[PDB]
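Structure record follows, encoded as structure tokens.
For the numbers below, each heavy atom of this structure counts, side chains included, while hydrogens, waters and symmetry mates do not. Labels below follow one simple rule: chain letters A, B, ... track the order of the sequence lines, proteins then strands, and each chain is numbered from 1.
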Amino acid sequence: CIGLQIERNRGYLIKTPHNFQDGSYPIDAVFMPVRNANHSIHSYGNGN
Amino acid sequence: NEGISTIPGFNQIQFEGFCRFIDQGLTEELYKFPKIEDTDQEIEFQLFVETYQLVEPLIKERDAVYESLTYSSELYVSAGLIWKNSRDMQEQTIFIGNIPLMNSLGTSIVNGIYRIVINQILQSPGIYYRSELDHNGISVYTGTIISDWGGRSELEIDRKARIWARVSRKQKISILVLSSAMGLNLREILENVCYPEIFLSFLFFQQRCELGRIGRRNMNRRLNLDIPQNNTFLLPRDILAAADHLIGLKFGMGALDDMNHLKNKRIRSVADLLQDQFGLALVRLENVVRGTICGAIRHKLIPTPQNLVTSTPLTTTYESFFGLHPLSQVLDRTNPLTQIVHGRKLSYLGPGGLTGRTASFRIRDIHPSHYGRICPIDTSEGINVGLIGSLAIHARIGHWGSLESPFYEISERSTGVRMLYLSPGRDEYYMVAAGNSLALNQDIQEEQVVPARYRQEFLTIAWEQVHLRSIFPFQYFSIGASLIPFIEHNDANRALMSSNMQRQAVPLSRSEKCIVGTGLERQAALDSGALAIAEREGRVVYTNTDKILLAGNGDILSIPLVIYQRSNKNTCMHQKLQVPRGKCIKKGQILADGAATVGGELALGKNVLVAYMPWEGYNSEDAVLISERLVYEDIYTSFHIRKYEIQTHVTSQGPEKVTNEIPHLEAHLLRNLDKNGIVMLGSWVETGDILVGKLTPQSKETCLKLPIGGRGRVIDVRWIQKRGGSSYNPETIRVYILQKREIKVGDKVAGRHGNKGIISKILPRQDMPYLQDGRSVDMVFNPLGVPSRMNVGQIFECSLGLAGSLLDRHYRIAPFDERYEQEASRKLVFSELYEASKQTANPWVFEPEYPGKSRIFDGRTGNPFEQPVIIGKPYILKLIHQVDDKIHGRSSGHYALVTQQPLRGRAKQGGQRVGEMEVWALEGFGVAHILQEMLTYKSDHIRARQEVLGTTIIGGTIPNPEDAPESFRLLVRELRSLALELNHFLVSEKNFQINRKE
Amino acid sequence: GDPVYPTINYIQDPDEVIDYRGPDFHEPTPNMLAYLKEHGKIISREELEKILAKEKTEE
Amino acid sequence: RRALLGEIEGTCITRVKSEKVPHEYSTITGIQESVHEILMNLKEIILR
Amino acid sequence: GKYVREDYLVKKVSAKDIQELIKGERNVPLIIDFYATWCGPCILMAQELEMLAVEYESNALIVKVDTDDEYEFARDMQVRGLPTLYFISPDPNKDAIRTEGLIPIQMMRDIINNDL
RNA sequence: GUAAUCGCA
DNA sequence: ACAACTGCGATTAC
DNA sequence: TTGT
Ligand SMILES: [Zn+2]
């Protein structure tokens, strides 16, 4: 049996409250859904 | 029989030394013990040496390390005491004492501490024949004889024959007189010696003649003698011969001896030290037996043998040896590599050896004899440079105390192949060629030429004349240097730096193997001792985190694992199961993986994407810019465990009492304490909290507090009641906190090629430069270090790593791959990159225009960079030195009792020191007031310092101190204790009056 | 072109458990206590106890 | 590129409460993984 | 061998030992391996035979014969080359299976389980 | 508070 | 008889 | 030790 708290934020969260209510451990979370991205720009060959 | 077809065990040296010790040294020492007979009736006690039997330890190693007890064996020998009145000898077995036992890894457990015995290199006894040129005239020739104790029976020759010994402090001594005293009748002397015309024309004792077996052999070698090995004494024939050679040197018929040659040196192992310690313990035992016999005679009682002997001498001797000897050091357990590299050290400095200052320059350089036997790139940086070195991988210690190396014999014979551990002096008279044979010039292959070694020289000869060949790749290096991939492309100077920096790595929370490696990590992790290797074949019936059950041949064996332990250097030790339930394991395979080891190979770092370019100055000098991915993904997270202990020392007036309820303390603290005065497990603590609370009546509050920087969970606490000290001893309470440390600005990172840096900025992934793939680089390094420190193998590594990551391959490459062809490393690297580019169609990985270089973009603006950059995935390690450990700051807290200056050390919360080289700079700048303030009220002036806090809190101006500091006053007091006065005596220019300042 | 020395020698599987019973590894390291006991260098506590009991019974 | 990486937010587990564990660096009987390993596993739980 | 376990579990028997084993009665399958120190492939075969002996602790007997010491016996057994394995069944009416070359360990297991 | 030993740059 | 880099930090042993 |  374990309890979980779910939160919605952005970026990465540092587990600042290490000293807190007993029995609950805070885990740092990364709220970045996109893993990687890339773009490329090719010409169209339209003259002027 | 072993080590001639594979790499030998790294800990085999200590193993065989301890084995030879237990086999022969104990009996040899017990043989030389004298018969105790000190009385008129001559009551004689004897120890039957034949009945020598060691007994297994009563406790285990896991109990000795836990209870801080020594791991030793019981020596029981039957003894017979013949009483004077009884006229008979009663025979009983007595417990002489404890003898420490060595683990399979080479370490010993004494008082719960892991300690290793470093070997020592000492000059062998023998005759040496040095020469020295005089200021005016012919060169003086001298011959020195060296004994085991260290005697120096020198012999010298002047412009004339003048065979004069330098034993006496006086001008000289007659060699003929010494020979006549030896027993020569002045006729057989001239009859036996060669060139008798020169001898005839010219017109304490036990230690000098205490030549060892080794000494005897050497004497025989240099001076051809047929004296049997057994007669280990300085015979006069040896002296006569010595004289003959000496005179012969004057006429050119001789060769001087090199005292830096290995053949002239001996190696002392753990056996040699333990034998001497056992001899000293036996001497103490004989003294104690004589004393107790004298006492029993005074008390008119004939006692049993057990009453005479006490277990004190052996135990106290071995304890003092392991505690205070300069060749017994605590094992370094920062990482598995340190445990193995610590036991391979050979040291010149030590008891009976050259001190740092004493050592001449010649001593500290490589001698051609060191090839294959000693590491030429592993030394200790500092004042002891060239005095502390490691031991080659394939070396062994010989029967005669000489390091031996394995040489293949290419000479044709019945077997046609041999692997012989030739000693240092023997390999000199052989043509040893390290080159290959892949050359044909329209003639027979044996007519080809190859570089070779002969008579401590280098030359080129035909393949017909080469007797030996050095085939082993890791023969000339050590464990530290051999773990450097592409070492040929790196400078020899940076190799020492890389070997030293590999030792500093911190075991991380997670471990990953290296894509590029040398293939020695496997045996390194095998012999490190932090791995679970089965000692029996069978099947794993039960798998658990704490223990593993192995069922074989109808027997079940339980192996206990290590779960978050603590090392000597505040590094966590943990083990994880590798084999699943229901598979068979042989005797020797890996059951579990320890810290800094994954899949059975040493893993001291991670593989991260790296680009070599300058980025906005953040890479100036050496400095690294890293991304936040290493932070929020726990790539370089590590666990560090520090212990704090305070003993409950019982004073004569009152014992210490441990209570939780202690007044005069705030309610914010003491929350973690239990009913008893100790912190609870699983409690988060910080700086300034109370871990153990004590009343300390003698009341007061000698408690345990946390220092600056200590913020970790309390994993475990131990109440250790101390016993065995012949009386009630204080209890010991040891707390352990675990601090999880992430990668931060100020941490040091390094690469296996000698590249070291300190993190300077943690940029986000969006600002980091990205490749054409779209992935941001994890680190950015400065490209100007390569021409500076001459590290080219790093480029190779990076590229091969990128290739491997893409193709999912790991490369274990032996060093010096250019023995096959030219540019073998370049061909391999470019071939693997092309394949990666073709298989995963990323054209960027191999650019035909610039192989190994790609064109990346800027994360900030999105514009491509002008020139291509190197993209790779090297192996980066995180070093032990960390910013948190190095941070320090003092305002005004504590002072020394006598000096009254601020205290020293970071743990003691002390300030920084203004030395003489900084006072000089301050005086050159002209800042007199700053120097005066630092020299008086920030350091030593008690009154001024007391007033400084008040003046700063109120805000008033701080007056200039006029009184002398406590340092000057101390001097005056000291000098006046030395009957010397000192008075300031300032004179006023206004009224011409003298005023004394006290 | 292709290297003379085969690359397959350097290639190694990433998730591979190193078998220490291969041809390139030495013999397994024997535990010091068991190695000394098997050769008779160190006796067990039972043998010493039996010897002491026999010596006491003889006396 | 700068929007997809750093300007998109998500949801993740931020706090875990365990029943009868002394600390997060210990082992519980009946589970092959320690508390820290369980926290690391829960850290990689993707939610929407 | 009480304190330290033996590293290798396959014993080198002679030709007379094999003749006595075949002539006598057996309750477990028998595996005969011909090897020579010189053959390279045999170095691997020996490792797989060690693994098989560990997997079959007392349900099968595994022995090895050196061809250098017994060449005539190996020639009489119709042994063409070195990586050869002889599988002797326990019941003496069934036919022995001879395998040549390096074969996977699973093949050996299946042969011992079904064919023998 | 002193030593020993190692490291650091 | 005298002196031979500067400091810092860690450990164990008294 | 190395030299003073
Ligand atoms: Zn190379």
* Select base, sugar-phosphate, or nothing to describe what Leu903(B) touches, counting heavy atoms under 4.0 Å on all strands. => sugar-phosphate
* Structure fact -> Quick note, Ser360(B) side chain, CB onward, closest among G7(F), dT2(H), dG9(G) is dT2(H)
* Between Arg741(B) and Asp885(B), does at least one N-O distance fall below 4.0 Å, as a salt bridge requires? -> yes
* To do: With the side chain counted from C-beta on, respond yes when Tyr114(B) and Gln339(B) share a heavy-atom pair under 4.5 Å apart, and no when they do not.
  => no
* Minimum-distance nucleotide to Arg904(B) side chain [options: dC5(G), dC8(G), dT6(G)] -> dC8(G)
* Rounded to whole angstroms, how far apart are CD on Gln909(B) and P on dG9(G)? -> 11 Å
* **Length of the CD-P vector between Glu381(B) and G7(F), whole Å** => 8 Å
* Can you tell which of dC8(G), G1(F), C8(F) lies closest to the side chain of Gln912(B)? -> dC8(G)
* Counting any heavy atom closer than 4.0 Å, what does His881(B) reach on the DNA or RNA strands: base, sugar-phosphate only, or nothing? -> sugar-phosphate
* Asked: Taking the nucleotide of RNA chain F with the closest heavy atom to each, which residue, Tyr895(B) or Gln504(B), is nearer the 5' end?
  -> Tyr895(B)
* Asked: Base, sugar-phosphate, or nothing: which does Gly382(B) touch, judged by heavy atoms less than 4.0 Å apart?
  -> nothing
* **Closest nucleotide among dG7(G), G1(F), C8(F) to the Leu897(B) side chain** => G1(F)
Give me the distances for all protein-to-nucleotides 11-14 of chain G N/O pairs that come in under 3.5 Å?
residue : atom : partner   : partner atom : Å
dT12(G) : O3'  : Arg115(B) : NH2          : 2.8
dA13(G) : OP1  : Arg115(B) : NH2          : 3.1

* **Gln329(B) side chain, from C-beta outward: closest of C6(F), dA4(G), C8(F)** => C6(F)
* To do: Select one nucleotide: of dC8(G), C8(F), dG7(G), the one nearest the side-chain heavy atoms of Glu916(B).
  => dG7(G)
* Asked: In residues 746-757 of chain B, which residues come under 4.0 Å of RNA chain F by heavy atom?
  -> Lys748(B), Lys756(B)
* Asked: Given that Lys345(B) and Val898(B) both sit by RNA chain F, which one's nearest nucleotide is further toward the 5' end?
  -> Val898(B)
* Is the distance from OP1 or OP2 of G7(F) to the nearest side-chain N or O of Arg503(B) less than 4.0 Å? -> yes
* Listed nucleotide nearest any side-chain atom of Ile388(B), set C6(F), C8(F), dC8(G) -> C6(F)
* Asked: Checking side chain to side chain donor-acceptor pair (under 3.5 Å) for the pair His367(B)/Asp258(B): CA distance, chi angles, key distance, verdict?
  -> CA-CA 10 Å; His367(B) 188 267; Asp258(B) 198 342; 2.7 Å; yes
